[PDB]
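**Q** As you go down the protein sequences, you meet chains M and L in turn. Quick note on PDB author numbering: the first sequence kicks off at 654 and runs consecutively. Quick note on PDB author numbering: the second sequence kicks off at 145 and runs consecutively. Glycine included, each C-beta is placed from N, C-alpha and C at the ideal position.
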Amino acid sequence: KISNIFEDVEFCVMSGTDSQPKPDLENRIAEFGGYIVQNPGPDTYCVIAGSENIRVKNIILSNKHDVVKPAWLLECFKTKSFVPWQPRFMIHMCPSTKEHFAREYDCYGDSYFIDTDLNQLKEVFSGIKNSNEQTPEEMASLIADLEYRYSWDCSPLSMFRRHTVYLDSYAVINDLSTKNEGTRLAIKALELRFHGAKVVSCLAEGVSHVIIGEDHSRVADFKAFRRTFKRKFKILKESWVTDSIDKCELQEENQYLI
Amino acid sequence: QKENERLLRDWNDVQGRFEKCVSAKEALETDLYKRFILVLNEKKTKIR
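(1) Can you find at least 3 beta carbon pairs, one from the region 846–859 of chain M and one from the region 801–819 of chain M, that sit closer than 8 Å?
(2) Which of helix, strand or coil does DSSP assign to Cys165 (chain L)?
(3) Going along chain L in order, which residues have a C-beta closer than 7 Å to the C-beta of residue 912 (chain M)?
(4) Is the shortest distance between the beta-carbon of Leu152 (chain L) and the beta-carbons of chain M less than 9 Å?
(5) Of all Cβ atoms in chain L, is any one closer than 9 Å to the Cβ of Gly835 (chain M)?
(6) Out of M:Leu727, M:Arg741 and M:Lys722, which has the shortest C-alpha to C-alpha gap to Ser704 (chain M)?
(7) List, in order along the chain, the chain L residues whose C-beta lies closer than 7 Å to that of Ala683 (chain M)?
(8) Would you decide whether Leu152 (chain L) is buried or exposed? Buried here means 16 or more other CB atoms lie within 10 Å of its CB.
(9) Answer with buried or exposed for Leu678 (chain M), where buried requires no fewer than 16 other C-beta atoms within 10 angstroms of its C-beta.
(10) Within 8 Å, do at least three Cβ pairs link the region 793–804 of chain M to the region 833–845 of chain M?
(11) Pick helix, strand or coil for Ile888 (chain M), following the three-state DSSP scheme.
(12) Going by DSSP, name the residue or residues bridged to residue 924 (chain M).
(13) Quick one: measure Cβ to Cβ for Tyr765 (chain M) and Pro740 (chain M), integer angstroms, because I've assumed they're closer than 8 Å.
(14) Does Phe664 (chain M) come out as helix, strand or coil in the three-state DSSP assignment?
(15) Return yes when the Cβ of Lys188 (chain L) is within less than 9 Å of the Cβ of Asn783 (chain M), no when it is not.
(16) Does the beta carbon of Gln787 (chain M) sit closer than 9 Å to a beta carbon anywhere in chain L?
(17) Any beta carbon from chain L within less than 9 Å of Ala877 (chain M)'s own beta carbon?
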């Protein structure tokens, strides 16, 4: 009666009680001129149901129509007009509608006509299952590559992703009989991991920096290793790491000059 | 001894809470990055 656009279209509202009683939905769709049929037929544009029954499961098997949620009907009611179908209601959908969506929409809730705000993007991300399939090294490397490709590593909170600073908190190698209790090495580890840097205790070929604690009186080994190692290491003053707490600011590139 | 011991208990508690908060922040950053990477790969495939 109100929205005549719903006329000339069959709606198989064969269920739906959890949200609103099904007779109420039928009354509303009649007020909107929707064809209320009690069973699916090869002329119904969409099948409307609430709780999922063996009939819905068979329609999933016998792909004849789409199992549209009543929430889409509620959207039509609040909009008082037709609501375009979105990949969040149809539990089962016909292959023709699948091709229609794929031709002008992504495989996820993202759409080219309706943008996703903060909450919609959050819902899209949550709907995508979260698991572990990528190794931490590879995932961090891809993150760094994408950030450098479009200048995202310049965030003031995460700059130590590339700088894998090695902290020589162990005086001896392969000795489990000692434990540094009550030391500030944990504080240094927390400071390093705040910006994304992850410390390592096993030496490998991926470590390009060697940093010792406050015991800087070991300049002799640094001098000896400068002649030996071609990988000229860079050691800065301990005030720079404390600047992340006192100044809490990054260091500009103008300091690196002649 | 009593003063330094309950201050060291407070230090242990603050270390634990800071560690768990930093771990939660890192997990949120990691899974947000994972989801953004997935959607970015989806969009890259669509662009291609």
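**A** Checking against the coordinates, here is how it stands:
(1) yes
(2) In the structure shown, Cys165 (chain L) adopts helical secondary structure according to DSSP, grouped into three states.
(3) The structure shown does not extend to residue 912 (chain M), since chain M is modelled only from 654 to 911, so the question has no answer here.
(4) yes
(5) yes
(6) Looking at the Cα atoms, M:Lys722 is the closest of the given residues.
(7) Simply none; closest approach about 41 Å.
(8) exposed
(9) buried
(10) no
(11) Looking at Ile888 (chain M) - three-state DSSP - the assignment turns out to be coil, as it is neither helix nor strand.
(12) This structure gives no information on residue 924 (chain M), because the portion of chain M shown stretches from 654 to 911.
(13) Actually they are not in contact, since the Cβ atoms of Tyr765 (chain M) and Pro740 (chain M) sit about 12 Å apart, beyond 8 Å.
(14) Note: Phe664 (chain M) maps to strand in three-state DSSP.
(15) With a cutoff of 9 Å on beta-carbon distance, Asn783 (chain M) and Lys188 (chain L) are scored as not near each other.
(16) yes
(17) no
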